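Engineer: First the structure, which I've put down as structure tokens, then a few questions once you've had a look.
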Amino acid sequence: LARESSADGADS
Amino acid sequence: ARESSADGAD
Amino acid sequence: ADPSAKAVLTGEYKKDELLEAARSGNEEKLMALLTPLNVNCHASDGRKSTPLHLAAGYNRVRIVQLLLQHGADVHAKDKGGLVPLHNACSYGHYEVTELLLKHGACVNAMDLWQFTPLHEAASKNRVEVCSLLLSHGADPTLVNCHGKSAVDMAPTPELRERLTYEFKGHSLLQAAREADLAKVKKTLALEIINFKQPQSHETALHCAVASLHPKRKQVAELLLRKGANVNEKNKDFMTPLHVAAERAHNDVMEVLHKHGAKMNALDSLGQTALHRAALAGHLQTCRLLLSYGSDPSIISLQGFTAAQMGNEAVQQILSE
Amino acid sequence: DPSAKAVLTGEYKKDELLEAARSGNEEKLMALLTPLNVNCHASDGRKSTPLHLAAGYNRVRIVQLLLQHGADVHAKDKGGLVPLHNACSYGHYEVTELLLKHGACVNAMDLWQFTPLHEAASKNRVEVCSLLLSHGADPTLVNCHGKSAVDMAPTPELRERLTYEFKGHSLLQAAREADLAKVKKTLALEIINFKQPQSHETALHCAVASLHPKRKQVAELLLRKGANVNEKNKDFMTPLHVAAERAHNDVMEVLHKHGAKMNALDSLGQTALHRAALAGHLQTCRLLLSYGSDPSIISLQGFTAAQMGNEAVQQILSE
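Residue numbers (the authors' numbering), protein chains in the order written: chain C, 191 to 202; chain D, 192 to 201; chain A, 315 to 634; chain B, 316 to 634.
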């Protein structure tokens, strides 16, 4: 039900 | 803890 | 009972009656009880308000005026650090707020939690009081102890937008009154009249003179009246005149000329608007450009005059 | 059994391909990548495709190779994210531009109606937002909670910038259509024309009234940025009226240079010249006359400038 607030990836 | 209500009225 | 302690006790009765008169708007009673010794008295209990706090919060405009006129301290604090301006603003009392400001109330006064009068007005959706406060220099970006500004507390998008707009507006007016040139420039840094398409470096004026639609002349005039740079160059060093000339949009060329368009401005190929008109075979465009003082002898970077790029009819027009 | 053995080891190839995409291992990706697995999904986590992973972990070369070899920019993970979301959420500018150049939808929506601009704006990726908006991102589209991309910007500086850019792009389009009414409208809301809500004065009235020595340069700047030279305050006073009555001659010259209407009338039917005459500003009257002020104009109360002035004024106005 609740949106997961992380897509696959990371900060560069 | 701040009291929200100053003395006065609408 | 000690004579001094009896005096203090009598004064405490009297001050409670003064406070009562202030709260209720009872002018005659106020002026019978008000002396230099109690004008800035505080209540013993509750918020420990002064007469001015109570008159302000309860919208007793005449009482506010009498207190200010007979020595009341516009900067007096209650037990939370509220000044009377906080009380007037929270309850949306516009006239009271204006009187307090006229008598020198500090527009961004902070209580012990760093709440300002604008936090109070904004949180309770006192739209007109917010606008009044902003007109006296209230700052809607100041944060209280919870990290929250008056913008954060405004309960509608409309009020939030208004706080931001009017703050910026009044910041510009005050910078203009002070002739603070650096502050004027900062406040105008995000005007959009010369906004540029990030890839092409084109402005609204380049877009308007390129338009096929009927009111392009009127739109171009408007943009120019409202601060469009008439000679702004895109990525290819084309001015609006180059853009209009190559499309034979003659009506807007007239407008550009009238606003100081530089006739012999050179694109990145060393071409004038006249080269571009000539190359496209736009006969009236060429005549017009010549009549505005375009120089027919200019040689492009490819080594061509306008006449060397044009048809027979263009060559004739240019040899006149 | 033969159809199941092929599928089983093909499923191991996948996990290795997906690993190669996230890690940036070019040699390994190209050894494993085929037309049949380029758009596979992970069996666990987000169920990302290689391109989601490449995009999210800023594997610019891997993204390029995947796109070149048939990867689908429109592929979804389990929450409806397309690879453009991943790139935007982690601020990978060059990846975002590459995906956009290969036809990624700039306003793609996940299951909760989050666009790539919602992702960029929420994570404070200011340059990425500018790029998205440059490619037609709509910052008025709302997610499933009624929140725009502008609403998700966590600082007021970013909200201000997003608003600037979307207004700029909208002005450009309105200009292409020669929509007179819409350009007229949006330029009315620019701060240069802000009016004091009671007095109705603009920055230009304020500037010409200023007692500070940069007033000339400030008036010049306001006028260059589009201030209305003839704007009226509550009393129908133009900046020219304001300057003339104070003998601020320096800024009167600026106003004249920008085409101020010399004979504009206040609420009493008076010109700037009536106001200068009445105050006894002799040089100011002279300057106004040289600029084409009409001394014959009669106010609503029945007076010319000369009828309101002292002898020296009357001399100036006849000579």
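Note that beta-carbon positions come from the ideal geometry of N, C-alpha and C, so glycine has one too.
Taking 8 angstroms as the cut-off, decide whether the C-beta atoms of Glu-412 of chain B and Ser-445 of chain B are in contact.
Structural biologist: As a first step, residue 412 of chain B must be located in the fourth sequence, where it is residue number 97. As a first step, residue 445 of chain B must be located in the fourth sequence, where it is residue number 130. Not closer than 8 angstroms, so no.
Engineer: Does the CB of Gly-339 of chain A have a neighbour CB from chain D at under 8 angstroms?
Structural biologist: Here residue 339 of chain A is taken as the residue at index 25 of the third sequence, counted from 1. False, the Cβ-Cβ gap to chain D never drops below 8 angstroms.
Engineer: How long is the line joining the alpha carbons of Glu-334 of chain B and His-450 of chain B, rounded to whole angstroms?
Structural biologist: By 1-based counting over the fourth sequence, the position of residue 334 of chain B is 19. By 1-based counting over the fourth sequence, the position of residue 450 of chain B is 135. For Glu-334 of chain B and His-450 of chain B, the distance between alpha carbons rounds to 31 angstroms.
Engineer: Leaving out five residues on either side along the sequence, give the residues of the same chain with a beta carbon under 8 angstroms from the beta carbon of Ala-592 of chain A.
Structural biologist: On the third sequence, position 278 is the one that residue 592 of chain A refers to. Correct list, in chain order: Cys-600, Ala-620, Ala-621, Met-623, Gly-624, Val-628, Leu-632.
Engineer: Which term fits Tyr-327 of chain B, buried or exposed, when burial requires 16 or more other beta carbons within 10 angstroms of its beta carbon?
Structural biologist: By 1-based counting over the fourth sequence, the position of residue 327 of chain B is 12. That one is exposed.
Engineer: Is there a Cβ of chain C sitting closer than 8 angstroms to that of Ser-463 of chain B, yes or no?
Structural biologist: Working through the fourth sequence from its first residue, we reach residue 463 of chain B at position 148. Not closer than 8 angstroms to any Cβ of chain C, the Cβ of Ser-463 of chain B fails to qualify, so no.
Engineer: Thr-364 of chain A by DSSP, collapsed to three states: which one?
Structural biologist: Mapped onto the third sequence, residue 364 of chain A falls at position 50. In this structure, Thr-364 of chain A counts as coil in the three-state DSSP scheme.
Engineer: Does the stretch 462-471 of chain A come close enough to the stretch 491-507 of chain B to have 3 or more Cβ pairs within less than 8 angstroms?
Structural biologist: The stretch 462-471 of chain A, when compared against the stretch 491-507 of chain B, does not touch it at the 8 angstroms Cβ threshold.
Engineer: Please state whether DSSP places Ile-507 of chain B in a helix, a strand or coil.
Structural biologist: On the fourth sequence, position 192 is the one that residue 507 of chain B refers to. Note: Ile-507 of chain B maps to helix in three-state DSSP.
Engineer: Hey, is the stretch 560-569 of chain B in contact with the stretch 523-541 of chain A, meaning 3+ C-beta pairs nearer than 8 angstroms?
Structural biologist: No, the stretch 560-569 of chain B does not touch the stretch 523-541 of chain A.
Engineer: Where in the stretch 407-466 of chain B do unbroken runs of the alpha helix (DSSP H), each at least 4 residues long, occur, reported from the N-terminal end onward?
Structural biologist: If we require 4 residues or more, the alpha helix (DSSP H) runs fully inside the stretch 407-466 of chain B come out as 408-416, 431-437, 441-449.
Engineer: What does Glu-492 of chain B reach in chain A if we use C-beta pairs closer than 8 angstroms?
Structural biologist: Numbered from its first residue, the fourth sequence carries residue 492 of chain B at position 177. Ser-525, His-527, listed in chain order.
Engineer: Alpha carbons only, please: which of B:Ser-614, B:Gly-360, B:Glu-516 is nearest the one belonging to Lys-549 of chain B?
Structural biologist: Locating residue 549 of chain B in the fourth sequence gives position 234, where the first residue counts as 1. Taking only the C-alpha atoms, the option nearest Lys-549 of chain B is B:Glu-516.
Engineer: Select from A:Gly-339, A:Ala-346, A:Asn-352 the residue whose C-alpha is nearest the C-alpha of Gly-371 of chain A.
Structural biologist: Indexing the third sequence from 1 puts residue 371 of chain A at position 57. Of A:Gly-339, A:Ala-346, A:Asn-352, the residue nearest in Cα terms is A:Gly-339.
Engineer: So, for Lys-540 of chain A: in the same chain, excluding its five sequence neighbours on each side, which residues have a beta-carbon less than 6 angstroms away from its beta-carbon?
Structural biologist: As a first step, residue 540 of chain A must be located in the third sequence, where it is residue number 226. Excluding sequence neighbours, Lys-540 of chain A sits near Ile-507.
Engineer: Is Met-567 of chain B helix, strand or coil when you go by DSSP?
Structural biologist: Residue 567 of chain B sits at position 252 when you count from the first residue of the fourth sequence. Helix.
Engineer: For the stretch 354-385 of chain A, which residues have a beta carbon sitting closer than 8 angstroms to at least one beta carbon of chain D?
Structural biologist: Those would be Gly-360, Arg-361, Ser-363, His-367, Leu-368, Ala-370, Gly-371, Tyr-372, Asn-373, in chain order.
Engineer: Less than 8 angstroms between the beta carbons of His-460 of chain B and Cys-420 of chain B, yes or no?
Structural biologist: Sequence index remark: in the fourth sequence, residue 460 of chain B carries index 145 (1-based). Sequence index remark: in the fourth sequence, residue 420 of chain B carries index 105 (1-based). Their beta carbons are not under 8 angstroms apart, which means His-460 of chain B does not touch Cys-420 of chain B by this criterion.
Engineer: Could one say the Cβ of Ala-522 of chain A lies closer than 8 angstroms to chain B's Cβ atoms, at least one of them?
Structural biologist: Position 208 of the third sequence, counted from the start, is the residue given in the question as residue 522 of chain A. Yes, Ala-522 of chain A counts as interfacial toward chain B.
Engineer: Rounded to whole angstroms, what's the CA-CA distance from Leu-396 of chain A to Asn-354 of chain A? Just pull it up for me.
Structural biologist: Taking the third sequence and counting its residues from 1, the one referred to as residue 396 of chain A is at position 82. Taking the third sequence and counting its residues from 1, the one referred to as residue 354 of chain A is at position 40. Distance between the alpha carbons of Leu-396 of chain A and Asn-354 of chain A: 14 angstroms.
Engineer: Closer than 7 angstroms by beta-carbon distance: list the chain A residues that pair up with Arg-530 of chain B, in chain order.
Structural biologist: Within the fourth sequence, the letter at position 215 stands for residue 530 of chain B. Result: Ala-493.
Engineer: Measure the Cβ-Cβ separation of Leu-399 of chain B and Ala-423 of chain B and say whether it is below 8 angstroms.
Structural biologist: Numbered from its first residue, the fourth sequence carries residue 399 of chain B at position 84. Numbered from its first residue, the fourth sequence carries residue 423 of chain B at position 108. Going by C-beta atoms, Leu-399 of chain B is nearer than 8 angstroms to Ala-423 of chain B.
Engineer: According to DSSP, is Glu-626 of chain A part of a helix, a strand, or is it coil?
Structural biologist: Position 312 of the third sequence, counting from 1, holds the residue named residue 626 of chain A. Note: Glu-626 of chain A maps to helix in three-state DSSP.
Engineer: Leaving out five residues before and five after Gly-406 of chain A in sequence, what residues of the same chain have Cβ atoms less than 8 angstroms from its Cβ?
Structural biologist: Translated into positions along the third sequence, residue 406 of chain A becomes position 92. Same-chain partners within the cutoff: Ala-435, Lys-438, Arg-440, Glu-442, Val-443.
Engineer: May I ask you to report which of helix, strand or coil DSSP gives residue 268 of chain A?
Structural biologist: Residue 268 of chain A cannot be examined here, being either before or after the span of chain A that is shown, 315 to 634.
Engineer: Below 8 angstroms between beta carbons: does that hold for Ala-575 of chain B and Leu-603 of chain B?
Structural biologist: Taking the first residue of the fourth sequence as 1, we reach residue 575 of chain B at position 260. Taking the first residue of the fourth sequence as 1, we reach residue 603 of chain B at position 288. No.
Engineer: Where does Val-523 of chain B sit, in a helix, a strand or coil, going by DSSP?
Structural biologist: Taking the fourth sequence and counting its residues from 1, the one referred to as residue 523 of chain B is at position 208. Of the three classes helix, strand and coil, the one that applies to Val-523 of chain B here is helix, per DSSP.
Engineer: Cβ of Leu-396 of chain A less than 8 angstroms from any chain D Cβ?
Structural biologist: Numbered from its first residue, the third sequence carries residue 396 of chain A at position 82. Output row for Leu-396 of chain A: interface = yes.
Engineer: Taking the alpha-carbon of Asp-201 of chain C as reference, which of B:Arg-361, B:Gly-394, B:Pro-317, B:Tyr-408 has the nearest alpha-carbon?
Structural biologist: Within the first sequence, residue 201 of chain C is the residue found at index 11, counting from 1. Closest by alpha carbon: B:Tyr-408.
Engineer: Pick out whichever of B:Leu-456, B:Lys-416, B:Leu-414 has its Cα sitting closest to the Cα of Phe-429 of chain B.
Structural biologist: Mapped onto the fourth sequence, residue 429 of chain B falls at position 114. Out of B:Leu-456, B:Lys-416, B:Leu-414, B:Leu-456 has the C-alpha closest to the C-alpha of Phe-429 of chain B.
Engineer: How many Å lie between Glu-505 of chain A and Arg-193 of chain D at the Cα?
Structural biologist: Within the third sequence, the letter at position 191 stands for residue 505 of chain A. Within the second sequence, the letter at position 2 stands for residue 193 of chain D. So the alpha carbons of these two residues sit roughly 40 angstroms apart.
Engineer: Measuring only from the beta carbon, is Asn-545 of chain A closer than 7 angstroms to any heavy atom that is part of the ligand PLP?
Structural biologist: Questions concerning the ligand PLP fall outside what the structure shown contains, since it holds no ligand whatsoever.
Engineer: Please list the terminal residues of the continuous alpha helix (DSSP H) segment that includes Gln-532 of chain A.
Structural biologist: Here residue 532 of chain A is taken as the residue at index 218 of the third sequence, counted from 1. Looking at the DSSP string, the run of the alpha helix (DSSP H) that includes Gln-532 of chain A is 530-539.
Engineer: Would you tell me roughly how many angstroms separate the C-alpha atoms of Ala-522 of chain B and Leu-580 of chain B, rounded to the nearest one?
Structural biologist: Walking along the fourth sequence from the start, residue 522 of chain B turns up at place 207. Walking along the fourth sequence from the start, residue 580 of chain B turns up at place 265. Near 20 angstroms, if we compare the C-alpha coordinates of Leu-580 of chain B and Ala-522 of chain B.
Engineer: Given a cut-off of 8 angstroms, decide if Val-557 of chain A and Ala-524 of chain A are closer than it, judged by their beta-carbon atoms.
Structural biologist: Here residue 524 of chain A corresponds to residue number 210 of the third sequence, with the count starting at 1. Here residue 557 of chain A corresponds to residue number 243 of the third sequence, with the count starting at 1. In this structure, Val-557 of chain A lies closer than 8 angstroms to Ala-524 of chain A by Cβ.
Engineer: Are the C-beta of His-433 of chain B and some C-beta of chain C separated by less than 8 angstroms?
Structural biologist: Stepping through the fourth sequence from its first residue, residue 433 of chain B is reached at position 118. Not closer than 8 angstroms to any Cβ of chain C, the Cβ of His-433 of chain B fails to qualify, so no.
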